[PDB]
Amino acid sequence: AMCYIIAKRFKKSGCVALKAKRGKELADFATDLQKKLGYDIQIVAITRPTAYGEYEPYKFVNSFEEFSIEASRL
C-alpha cells in the first residue's frame, strides 16, 4: 500500500514528507536514515497528512534523495 514517510525533529514543529510505497526498500531507507540522523529525529510512516495535523507544517518532497537532503537539514 502507499504511505508517507515523515522525518521530524521531536523538539521542532513541521516535518518533511514523501509519498512512498510500503515495502522492503522503504523500510531499509528509513532504517538507514534513522541511524544517520540520530535519536533527536523521528522517522515514521503515516497514512496521510490530515490524519497527523500535529506534524504541520508539511514540506513535501518527490524523491528519496530529496527526502534525505531535507531530513538532514531539520
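In this text, residue numbers run from 1 along the sequence as written.
Engineer: Going by the entry, which third of its chain does the Cα temperature factor of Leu37 land in?
Structural biologist: For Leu37, the deposited C-alpha B-factor lands in the highest third.
Engineer: Where does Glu25 sit by CA temperature factor within its chain: lowest, middle or highest third?
Structural biologist: Top third by C-alpha B-factor.
Engineer: Could you place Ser63 in the lowest, middle or highest third of its chain by Cα temperature factor, using the values in the record?
Structural biologist: Highest third - that is where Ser63 ends up once the chain's C-alpha B-factors are sorted.
Engineer: How does the C-alpha B factor of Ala71 compare with the rest of the chain: lowest, middle or highest third?
Structural biologist: CA B-factor rank for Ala71: middle third.
Engineer: So where's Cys3 on the chain's Cα temperature factor ranking, which third?
Structural biologist: Its C-alpha B-factor, which the entry lists for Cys3, ranks in the middle third among residues of this chain.
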